[PDB]
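Just below is one structure, and these are the notes that go with it.
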Number of protein chains: 6
Amino acid sequence: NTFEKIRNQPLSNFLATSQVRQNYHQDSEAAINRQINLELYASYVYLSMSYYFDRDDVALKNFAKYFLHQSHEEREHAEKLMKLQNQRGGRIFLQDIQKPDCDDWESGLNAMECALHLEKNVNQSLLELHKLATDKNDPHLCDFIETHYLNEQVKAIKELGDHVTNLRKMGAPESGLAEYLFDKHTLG
Amino acid sequence: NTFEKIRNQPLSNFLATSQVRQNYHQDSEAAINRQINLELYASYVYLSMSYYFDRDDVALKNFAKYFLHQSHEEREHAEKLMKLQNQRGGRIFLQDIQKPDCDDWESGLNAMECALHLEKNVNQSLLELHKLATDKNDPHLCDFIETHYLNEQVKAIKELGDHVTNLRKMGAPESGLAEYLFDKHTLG
Amino acid sequence: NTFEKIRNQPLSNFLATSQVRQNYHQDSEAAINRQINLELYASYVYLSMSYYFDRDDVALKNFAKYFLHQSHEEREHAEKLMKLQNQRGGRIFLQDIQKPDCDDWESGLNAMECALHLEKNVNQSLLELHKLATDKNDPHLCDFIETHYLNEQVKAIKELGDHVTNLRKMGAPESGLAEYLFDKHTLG
Amino acid sequence: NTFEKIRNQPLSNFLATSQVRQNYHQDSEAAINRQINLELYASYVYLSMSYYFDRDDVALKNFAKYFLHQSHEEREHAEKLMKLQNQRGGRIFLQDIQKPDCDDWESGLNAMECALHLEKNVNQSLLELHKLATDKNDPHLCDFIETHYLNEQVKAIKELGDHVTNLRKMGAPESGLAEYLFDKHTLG
Amino acid sequence: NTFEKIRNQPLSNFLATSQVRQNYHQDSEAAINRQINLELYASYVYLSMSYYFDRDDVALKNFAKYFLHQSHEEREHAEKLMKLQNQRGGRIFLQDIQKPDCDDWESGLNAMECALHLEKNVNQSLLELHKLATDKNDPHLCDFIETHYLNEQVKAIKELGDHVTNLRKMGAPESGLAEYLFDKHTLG
Amino acid sequence: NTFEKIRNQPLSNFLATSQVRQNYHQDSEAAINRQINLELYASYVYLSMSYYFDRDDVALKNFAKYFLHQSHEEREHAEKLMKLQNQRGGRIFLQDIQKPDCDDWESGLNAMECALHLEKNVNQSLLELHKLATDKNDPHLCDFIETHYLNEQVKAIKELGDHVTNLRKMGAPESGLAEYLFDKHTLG
């Protein structure tokens, strides 16, 4: 899985004085760069799924629309992180964006499960970032993280869990009628 | 079952001269206090069910909305009874509110059946209250009960019976598709 | 005083794996259940006071309106706590709601003083809850508490203190003219 | 600079039971009084600069407008701090307001640099205050500071840095054309 | 009082050629600087009183609002004087702003009396300034003073006298009912 | 240089029967996949350039806005290509997205020159794609390319050339006044 490989690289890989810098450790800068890379990767995965559900032998439009919306959201998250990095006086440092691990998904249920897994991973990364911020006595960074990311992660995870439960109860993936009706009524 | 043990307590437990009191027996006062306690208990049960249907492994929003509405209705009923007790010149006397008997419900059908049972019990209590009022020659109390409670009870019971019948015919509780579609089309 | 007896019960009494649970200790779950019970109790006390001030030998309408509004607010607080408990992946566990300790209040000043006492107690409970959350490294819970409860508690306490001071200076409770005019001008 | 002299006075020089006080250490009270004095001093400095840029031999209107706006902002900050001190149950204690250190400024660039210096000093003081609050277990005060001051300080510092960079690149202070055009296009 | 101490300092302490200067003696410049300092001091005193009347053991909102309005008015007066000083080709020269003499006021009547005293002092200062202007043959300065300050001073003094008389007749400060009703009806 | 090494890879690397496929050679499929990768790379380069000009020691807002707009445009281009690939009955096959080659740009002129170079490269790739389409007798693909890409490329190249010429004539990069005024008047 590409996620842990991105995770286990040292902070030295994410580093490239300013007149506005004040109370800003370099480890925080390094962690912010890595988080940026992670958000971009998530956006790319969502795009891949969205255009998978558009093939002529799958043909579920609302799934595709949903995943495209998610991809755009992830892109905006990454841009906001970059803006913060500039505001505080650090230096942005970019890396390659890996290709997604899964190429086909075979059903809507499987795609929803992979999405849930991905969101949980992103949440774990954010939590460790907050811990690193708090043991360095940086209240501004802690408040930024708390106000802009944690509640959104929690809500997204809850929604994905609801979707998975509903799809399992209706009889998916063996019943195509189930996925058709779910695409019509819930995601419509 | 909490209902009957609340019912079987003597009237002396629900008792705590006024310048407005006229033709108002104390047995009526005690019965009104008891009915207040009963309505509060019903509201609490409805709240419990409503938030049961919100868990991530059940995920049926319209059921939860329906039951929350019912809970608010029961609260208003209790408040109106308290206002009457003050209007006539009695003294309000409160008691504890017991916890609901059932903790999990396992399906929408089971919850609907328990709700039907509860409503029938409340109706029986109201009928006994009306009989007590009428054999004491208190026309104002009788008319109050008739105009504000009996028809509402009848309509609620009819609606719950319709819901139970429809759910049984569609194949519940073995078919999750049935409950999904019922949540979409009827309660939506 | 029922409050401290509710406070002193162990966390095990407030406990009844999920696919959305992540970084959520069970002690937090128990504490949330206890706080829910506390908020419900406060709502019930406010209701009792509100309908006390409606008797024919007291007759102060604006006091009753004020306390009824407070009761509804407490109910919404409890509902929001329940929604959080579901969002994070815990299990709600309900208890009995005790009857209020004071049955008569004899004046508006005495009622205001009891309300101030109650609000201070609720604030203390919230503070120790936040401490428990913070020594377990749960930033989402800490931010939730901070953003939704502490400032409201502070504002409510300040307002109640102002009311008590004004009522004492006007000559209450020996002067009924004072309470009449306060009901007209301040709470009107 | 008057700044570090104000900073180095003991907390005893900023102190002058309440029925609303709860979980409020006196060191926090003293620190709040000191911060109030600091904000007033900053407002006075901004006023002095604003009216310096209005002389007939300088004649740059938009600079004056900008600095006057800053002065009013600082005044509102101080008033909000005083309101908090009253809300929590402390006692306000005022001191003298010293005169600004610099009397002439000789250019727009020099004034912008002094303003940047001042803002950085204020930010440092706020950070020390937050540390003091957090090691005393006062979550309400910490959240107040985080929500109302830190992000504003960061944004102000970033904006001032941008202004200084742009002015240096255009050729100031040796070119009056540069300052004229900057006054027209950026601050207009 | 601090007032006479500020008054008795020589004009040389308030002094720091222009192409617009014409018929403008330096004694006038010094007197204008002194008047600026005086107006700032008055604004600061008004602010102190306004936030005294906001404490939880005083709790009279309309008094606080009134005094805050007065403080803002004094600030605008000072700013207009500074603009005048710039128009005629003088040089502004600032001083420290002393802390108010009275720290507590104990009643609304006492605060109103102190305010009346302060306004009378300011009026006396303005009168001596006008005399100095007129014996130097400076018609523009005389007309400026007459058109912008004297009538406002007279109206303010009359209003404060009315307030003091009304408060004394109602029975203040021994009757808190008097101050409550005055806050409601007159200042409301 | 990433561009030509992406260009020189064989078509076999960009390959992963359908009921809608008709007159669609596999070489066209591979070329479309390669073009998709190229467009994504261009978008990423534009994003980096845009956030370079946001640093506190560069501070040219309109440049950043311009480049961000360009990045979004490139993203939409890639999405349209993917939609075509699905419409015709091929299979999408994704690859890694390399990091940009240049990390700093040192001036607006240098950035404009790099952008011109990049656009010319993209145009060359599109031209050889059209040649491959036309020697395979695929009129639909040829018309798609002609109607959606060539004129846009030509217009973009013309505009970038105009910008470069204007910046060179004004005296850039040695004159910062030139870049300031160009940012104000042309890109504003």
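Residue numbering restarts at 1 in every chain; chains get A, B, ... in the order shown in the structure tokens, and ligands count up from 1 in that same order.
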Compute the set of chain C residues within 10 Å of chain B, using only C-alpha atoms, and express it as JSON, numbers by chain. {"C": [16, 18, 19, 20, 44, 47, 48, 51, 52, 54, 55, 56, 57, 79, 82, 83, 85, 86, 87, 88, 89, 90, 91, 92, 93, 94, 95, 96, 97, 98, 99, 100, 103]}
How would the residues just picked look written out with N, CA and C atoms as a CSV table (one decimal), in the first residue's frame?
```
chain,number,residue,atom,x,y,z
C,16,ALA,N,-23.2,0.4,28.6
C,16,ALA,CA,-24.2,-0.6,28.2
C,16,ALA,C,-23.5,-2.0,28.1
C,18,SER,N,-17.4,-1.4,16.5
C,18,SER,CA,-18.0,-0.5,15.5
C,18,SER,C,-17.0,-0.3,14.3
C,19,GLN,N,-17.5,-0.1,13.1
C,19,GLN,CA,-16.6,0.1,12.0
C,19,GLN,C,-16.1,1.5,11.8
C,20,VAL,N,-16.6,2.5,12.6
C,20,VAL,CA,-16.2,3.8,12.5
C,20,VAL,C,-15.4,4.3,13.8
C,44,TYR,N,-35.7,19.1,33.6
C,44,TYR,CA,-36.9,18.8,34.4
C,44,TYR,C,-37.0,19.8,35.5
C,47,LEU,N,-38.5,23.0,34.2
C,47,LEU,CA,-39.9,22.9,33.9
C,47,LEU,C,-40.7,23.1,35.2
C,48,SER,N,-40.3,22.4,36.3
C,48,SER,CA,-41.0,22.5,37.5
C,48,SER,C,-41.1,23.9,38.0
C,51,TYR,N,-43.6,26.1,35.9
C,51,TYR,CA,-45.0,26.0,36.2
C,51,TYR,C,-45.3,26.3,37.6
C,52,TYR,N,-44.4,26.4,38.5
C,52,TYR,CA,-44.7,26.9,39.8
C,52,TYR,C,-45.1,28.4,39.7
C,54,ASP,N,-46.8,29.9,37.8
C,54,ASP,CA,-48.0,30.1,37.1
C,54,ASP,C,-49.2,30.0,37.9
C,55,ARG,N,-49.1,29.6,39.2
C,55,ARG,CA,-50.2,29.4,40.1
C,55,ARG,C,-51.0,30.7,40.3
C,56,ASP,N,-52.2,30.6,40.7
C,56,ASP,CA,-53.1,31.7,40.8
C,56,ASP,C,-52.7,32.6,42.0
C,57,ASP,N,-52.0,32.1,43.0
C,57,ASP,CA,-51.5,32.9,44.1
C,57,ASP,C,-50.1,33.4,44.0
C,79,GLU,N,-29.9,16.6,23.5
C,79,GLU,CA,-30.0,15.9,22.2
C,79,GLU,C,-28.7,16.0,21.4
C,82,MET,N,-26.3,13.5,22.6
C,82,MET,CA,-26.6,12.1,22.1
C,82,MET,C,-26.1,12.0,20.6
C,83,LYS,N,-26.3,13.0,19.8
C,83,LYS,CA,-25.9,12.9,18.4
C,83,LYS,C,-24.4,12.7,18.3
C,85,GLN,N,-22.5,11.3,20.6
C,85,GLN,CA,-22.2,9.9,21.0
C,85,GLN,C,-22.4,8.9,19.8
C,86,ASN,N,-23.4,9.1,19.0
C,86,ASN,CA,-23.6,8.3,17.9
C,86,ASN,C,-22.6,8.5,16.8
C,87,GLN,N,-22.2,9.8,16.6
C,87,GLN,CA,-21.2,10.1,15.5
C,87,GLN,C,-19.9,9.4,15.8
C,88,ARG,N,-19.5,9.4,17.0
C,88,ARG,CA,-18.2,8.8,17.3
C,88,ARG,C,-18.1,7.3,17.4
C,89,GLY,N,-19.3,6.6,17.5
C,89,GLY,CA,-19.3,5.2,17.5
C,89,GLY,C,-19.5,4.5,18.8
C,90,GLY,N,-20.0,5.3,19.8
C,90,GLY,CA,-20.3,4.7,21.1
C,90,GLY,C,-21.8,4.2,21.2
C,91,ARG,N,-22.2,3.8,22.4
C,91,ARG,CA,-23.5,3.3,22.6
C,91,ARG,C,-24.2,4.0,23.7
C,92,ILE,N,-25.4,4.6,23.4
C,92,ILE,CA,-26.1,5.3,24.4
C,92,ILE,C,-26.7,4.4,25.5
C,93,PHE,N,-26.7,4.8,26.7
C,93,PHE,CA,-27.2,4.0,27.8
C,93,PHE,C,-27.9,5.0,28.8
C,94,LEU,N,-29.3,4.8,28.9
C,94,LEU,CA,-30.1,5.7,29.7
C,94,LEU,C,-30.3,5.3,31.1
C,95,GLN,N,-30.8,6.2,31.9
C,95,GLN,CA,-31.1,6.0,33.3
C,95,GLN,C,-32.3,6.7,33.7
C,96,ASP,N,-32.7,6.5,35.0
C,96,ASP,CA,-33.9,7.2,35.5
C,96,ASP,C,-33.6,8.7,35.6
C,97,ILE,N,-34.6,9.5,35.6
C,97,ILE,CA,-34.5,11.0,35.8
C,97,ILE,C,-35.2,11.3,37.2
C,98,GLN,N,-34.4,11.7,38.1
C,98,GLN,CA,-34.9,11.9,39.5
C,98,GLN,C,-35.8,13.2,39.5
C,99,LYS,N,-36.6,13.2,40.5
C,99,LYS,CA,-37.5,14.4,40.7
C,99,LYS,C,-36.7,15.6,41.4
C,100,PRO,N,-37.1,16.8,41.1
C,100,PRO,CA,-36.3,17.9,41.7
C,100,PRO,C,-36.4,17.9,43.2
C,103,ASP,N,-39.5,21.9,46.0
C,103,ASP,CA,-40.9,21.8,45.5
C,103,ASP,C,-41.6,23.2,45.5
```
Suppose you want the space between CA of residue 37 in chain E and CA of residue 31 in chain D; what is it in Å? 27.9 Å
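In this model, the gap between CA of residue 72 in chain D and CA of residue 111 in chain D comes to 17.6 Å.
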Hey, what's within 12 Å of residue 167 in chain A if we count only C-alpha atoms and toss same-chain stuff fewer than 3 positions away? As a VMD selection string, please? (chain A and resid 107 to 113 160 to 164 170 to 183 186 to 187) or (chain B and resid 57 to 59 176 to 177 180)
Writing out the chosen residues with N, CA and C atoms as a short mmCIF file (atom, residue, chain, number, x, y, z; two decimals), in the first residue's frame:
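That gives us out-v2.cif:
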```
data_model
loop_
_atom_site.label_atom_id
_atom_site.label_comp_id
_atom_site.auth_asym_id
_atom_site.auth_seq_id
_atom_site.Cartn_x
_atom_site.Cartn_y
_atom_site.Cartn_z
N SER A 107 -17.66 -3.28 -8.15
CA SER A 107 -18.97 -3.03 -7.55
C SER A 107 -18.92 -1.69 -6.83
N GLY A 108 -20.10 -1.19 -6.48
CA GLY A 108 -20.17 0.02 -5.68
C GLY A 108 -19.79 -0.22 -4.23
N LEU A 109 -20.15 -1.39 -3.71
CA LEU A 109 -19.83 -1.72 -2.32
C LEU A 109 -18.33 -1.73 -2.09
N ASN A 110 -17.59 -2.36 -3.00
CA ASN A 110 -16.14 -2.44 -2.86
C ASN A 110 -15.51 -1.06 -2.91
N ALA A 111 -15.99 -0.20 -3.81
CA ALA A 111 -15.47 1.16 -3.88
C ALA A 111 -15.75 1.93 -2.60
N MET A 112 -16.95 1.79 -2.05
CA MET A 112 -17.26 2.47 -0.79
C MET A 112 -16.35 1.99 0.33
N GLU A 113 -16.06 0.69 0.36
CA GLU A 113 -15.18 0.17 1.41
C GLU A 113 -13.77 0.73 1.27
N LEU A 160 -19.81 7.51 5.18
CA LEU A 160 -19.39 6.33 4.43
C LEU A 160 -19.84 5.05 5.12
N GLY A 161 -19.75 5.01 6.45
CA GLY A 161 -20.23 3.85 7.17
C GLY A 161 -21.71 3.60 6.96
N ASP A 162 -22.51 4.67 7.00
CA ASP A 162 -23.93 4.53 6.71
C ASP A 162 -24.17 3.94 5.33
N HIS A 163 -23.47 4.46 4.32
CA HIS A 163 -23.65 3.95 2.96
C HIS A 163 -23.33 2.47 2.88
N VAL A 164 -22.21 2.06 3.48
CA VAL A 164 -21.82 0.65 3.42
C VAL A 164 -22.87 -0.23 4.07
N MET A 170 -29.33 -4.33 1.68
CA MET A 170 -30.21 -4.49 0.53
C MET A 170 -29.89 -5.72 -0.30
N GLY A 171 -28.76 -6.37 -0.07
CA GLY A 171 -28.41 -7.58 -0.79
C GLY A 171 -27.26 -7.46 -1.76
N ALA A 172 -26.59 -6.32 -1.83
CA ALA A 172 -25.44 -6.17 -2.70
C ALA A 172 -24.30 -7.08 -2.23
N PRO A 173 -23.38 -7.45 -3.13
CA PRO A 173 -23.28 -7.10 -4.55
C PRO A 173 -23.94 -8.10 -5.49
N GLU A 174 -24.58 -9.13 -4.93
CA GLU A 174 -25.15 -10.18 -5.76
C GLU A 174 -26.39 -9.70 -6.51
N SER A 175 -27.09 -8.71 -5.98
CA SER A 175 -28.30 -8.19 -6.60
C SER A 175 -27.99 -6.86 -7.28
N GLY A 176 -28.09 -6.83 -8.61
CA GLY A 176 -27.91 -5.58 -9.33
C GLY A 176 -29.06 -4.62 -9.12
N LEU A 177 -30.26 -5.16 -8.87
CA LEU A 177 -31.40 -4.31 -8.55
C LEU A 177 -31.11 -3.44 -7.34
N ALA A 178 -30.41 -3.99 -6.35
CA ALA A 178 -30.07 -3.23 -5.15
C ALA A 178 -29.23 -2.01 -5.49
N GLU A 179 -28.17 -2.21 -6.28
CA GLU A 179 -27.29 -1.09 -6.61
C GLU A 179 -28.00 -0.08 -7.49
N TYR A 180 -28.84 -0.55 -8.42
CA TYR A 180 -29.61 0.37 -9.25
C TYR A 180 -30.50 1.27 -8.39
N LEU A 181 -31.25 0.67 -7.47
CA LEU A 181 -32.16 1.45 -6.65
C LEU A 181 -31.41 2.36 -5.69
N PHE A 182 -30.27 1.91 -5.17
CA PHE A 182 -29.48 2.76 -4.29
C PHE A 182 -28.94 3.97 -5.05
N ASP A 183 -28.49 3.76 -6.29
CA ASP A 183 -28.04 4.87 -7.11
C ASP A 183 -29.18 5.84 -7.37
N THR A 186 -30.77 7.15 -3.06
CA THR A 186 -29.91 7.75 -2.06
C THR A 186 -28.98 8.80 -2.66
N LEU A 187 -28.25 8.45 -3.71
CA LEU A 187 -27.29 9.36 -4.31
C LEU A 187 -27.91 10.31 -5.31
N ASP B 57 -24.89 1.29 12.27
CA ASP B 57 -25.21 -0.03 11.76
C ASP B 57 -26.70 -0.26 11.62
N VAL B 58 -27.51 0.80 11.64
CA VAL B 58 -28.93 0.70 11.33
C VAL B 58 -29.24 1.65 10.19
N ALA B 59 -29.02 2.94 10.41
CA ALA B 59 -28.99 3.95 9.36
C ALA B 59 -30.30 4.03 8.58
N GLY B 176 -34.34 -6.71 3.83
CA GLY B 176 -33.91 -5.34 4.08
C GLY B 176 -34.35 -4.39 2.99
N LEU B 177 -34.50 -4.89 1.77
CA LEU B 177 -35.03 -4.07 0.68
C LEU B 177 -36.39 -3.50 1.04
N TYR B 180 -35.92 -0.58 3.48
CA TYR B 180 -35.33 0.54 2.76
C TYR B 180 -36.38 1.27 1.93
#
```
So which bits of range 36-169 of chain D end up alpha helix (DSSP H) when you DSSP the backbone, as a PyMOL selection string? chain D and resi 36-52+61-88+108-134+139-145+151-169
Range 125-139 of chain E surroundings by only C-alpha atoms, 12 Å radius, close-in-sequence under 6 positions cut, as a ChimeraX atom specification: /E:3-4,6-8,22-39,88,118-119,145-154
